[PDB]
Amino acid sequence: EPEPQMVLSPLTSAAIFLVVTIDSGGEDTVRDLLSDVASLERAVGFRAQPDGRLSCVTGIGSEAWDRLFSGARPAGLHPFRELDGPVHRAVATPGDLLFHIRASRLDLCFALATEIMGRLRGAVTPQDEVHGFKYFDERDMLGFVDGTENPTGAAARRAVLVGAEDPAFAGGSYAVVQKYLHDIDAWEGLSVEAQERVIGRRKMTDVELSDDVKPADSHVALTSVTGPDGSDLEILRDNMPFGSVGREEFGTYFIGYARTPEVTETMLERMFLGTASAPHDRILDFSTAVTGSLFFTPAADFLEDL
């Protein structure tokens, strides 16, 4: 019965991440926009189907939820949890609404962002806006393939969609965003083999390092999580490169979706606070988080019915 938003998108070479705060008294304008956001997605995207692949996933933050709605809330919806590691910090930054806009073309993303922001004029203040672009063969700004071990099909739906554990919000998901900037000069001072040690995969061929070679403080080791029952705890990432050459800004826009924030926050805790065998994730020695926000992306029928 409950239809998910397009959390599980086919691959898209362009994206706009829009994060805004809701102004005092902007709630009615926001509720009106939420009830139309699927209609606007069809209005912009339909004429470019099937290759356009335009979608918007709309998220609401914990504080914004309690300003917009009354009664029961999604069981896991809280402000992003700031992590204060001995070396690396995951900052919490303002954000009430997320529009995760993806397509095969930036123009479609741009036109939908314009229609959305057009309707929210006078009710919201811009916080963050990133225009993301596919970078060669699905690489990120560190020169590694990014997305390889994402779950797909049924395994992806089981990892990202709320079900019987929170029935009133079935078909929703939890999105965590962090905008990362990379120290490309420091990164380029490492050999390819030193970089592979940091990530935990081979750079050109994208083959995972063997169990006896993969460092405990590699990115892949610390973001590989097995639950008590033995099965892998997974998230769905759609990381997007961005930047500005004049400002020497070379970034990764991280977005991770999970059926509970506990899986994503377990990964972040291992990365920023480490484990018995790792001080922290070596990727953070080349990567600074400058935002951090958590959102609930409800079933599409929750937004339509407002």
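Sequential numbering from 1, following the sequence displayed. C-alpha atoms forming the largest set that superposes within 1.5 Å between two forms make up the rigid core.
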### Task
Taking the root mean square of C-alpha distances over all structures and residues in 4 other deposited structures of this protein, with a rigid core superposition, name the larger of 144-152 and 128-136.
128-136
### Query
As stated in the PDB record, which stretch has the larger average Cα B-factor, 206-214 or 87-95?
206-214
### Query
Mean CA B-factor: is it higher for 223-231 or for 161-169?
223-231
### Summary
Looking only at 201, 100, 131, 119, the Cα with the top B-factor belongs to 119
## Note on the structure
The residue of 284, 11, 294, 19 with the maximal C-alpha B-factor according to the PDB record is 11
### Task
Pull the Cα B-factor of residue 178 out of the PDB entry and bin it into the chain's lowest, middle or highest third.
lowest
### Message
For the chain shown, is the CA B-factor of residue 272 in the lowest, middle or highest third of its modelled residues?
### Response
middle
### Query
Lowest, middle or highest third of the chain for the C-alpha temperature factor of residue 191?
lowest
### Task
Would you mind ranking residue 75 by its C-alpha B-factor against the rest of the chain and naming the third, lowest, middle or highest?
lowest
### Message
Using only modelled residues of the chain, where does the Cα B factor of residue 138 rank: lowest third, middle third or highest third?
### Response
middle
